[PDB]
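First, one chain by itself: the form deposited in one PDB entry, in structure tokens.
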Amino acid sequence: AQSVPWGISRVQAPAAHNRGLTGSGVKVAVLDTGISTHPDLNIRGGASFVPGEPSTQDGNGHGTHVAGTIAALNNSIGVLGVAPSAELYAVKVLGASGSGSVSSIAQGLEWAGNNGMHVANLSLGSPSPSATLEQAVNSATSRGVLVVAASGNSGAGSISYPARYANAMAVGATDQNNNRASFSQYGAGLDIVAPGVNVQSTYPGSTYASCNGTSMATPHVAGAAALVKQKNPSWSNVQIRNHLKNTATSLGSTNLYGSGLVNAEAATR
């Protein structure tokens, strides 16, 4: 039996699925700790930029969880992603510890731009800026990748890098009341928010697990971008980002929420 995590419903992905929008034909790279083989995921390819972990399998759990929020398969098992027919790519930039370097992350972004990714999900970040990282964000963006990144978990009124960069779409986390999660970073550069508390998704060991974080919010938006791209195949990264923001539901504060809560129904109307 399949269950629909509350955040998938909150962003109104099922309304888009009922219009025949699933993210089919859209290439989404998850730049994370890998993605483990799982019966509720279809992993099309990928690459590893972590020396010492040549495979794209996930030794941490975080990348597999993120992937499932984007693209858990619509079937009779497990959970259901925002964009369950997205073409999923495992781009390992973080090791099994959950840490990586700005170089590894930049190599993932240059892979995404060299391989025709439409969306790159970066559920990662740091409080410090990086020229290496920024360069790669801009390069990927010029190659048509929509870079979607987590605002961070410090609870501060400023957001992490690379989400703070103009060419990244920065995503904060909300709770079931549509309030900002206590940990969710906000402030300048914040674009949008999505569910990020008690988010159930795919997890290694062929199982499912619930996590909190702006890392969990980010893939809701990555998935919504894929729905928008399937409906509007001619649109650019910038067009999709702007439409997601224009169609988001206001949550009563630009500082705390950016454009507000992502809404896949309104964005695919």
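Counting begins at 1, following the sequence as shown.
The same protein also exists as the form solved in complex with a partner chain; that form is not shown, yet it is the one meant from here on.
Within this chain, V91 is remote from the site of the partner chain in the bound PDB entry, having no heavy atom within 4.5 Å. When the partner chain is considered in the bound PDB entry, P195 lies well away from it, no heavy atom lying within 4.5 Å. Looking at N114, you'd find every heavy atom of it more than 4.5 angstroms from the partner chain in the bound PDB entry.
The partner chain is not drawn, but in the bound PDB entry it has a heavy atom within 4.5 Å of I105.
Not one of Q2, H38 and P204 is positioned with any heavy atom within 4.5 Å of the partner chain in the bound PDB entry. With the partner omitted here, the residue from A140, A72, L124, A173 that has a non-hydrogen atom within 4.5 angstroms of the partner chain in the bound PDB entry is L124.
The chain is drawn here without the partner chain; in the bound PDB entry, the stretch among 93-101, 174-182, 140-148, 79-87 whose residues come within 4.5 Å of it by any heavy atom is 93-101.
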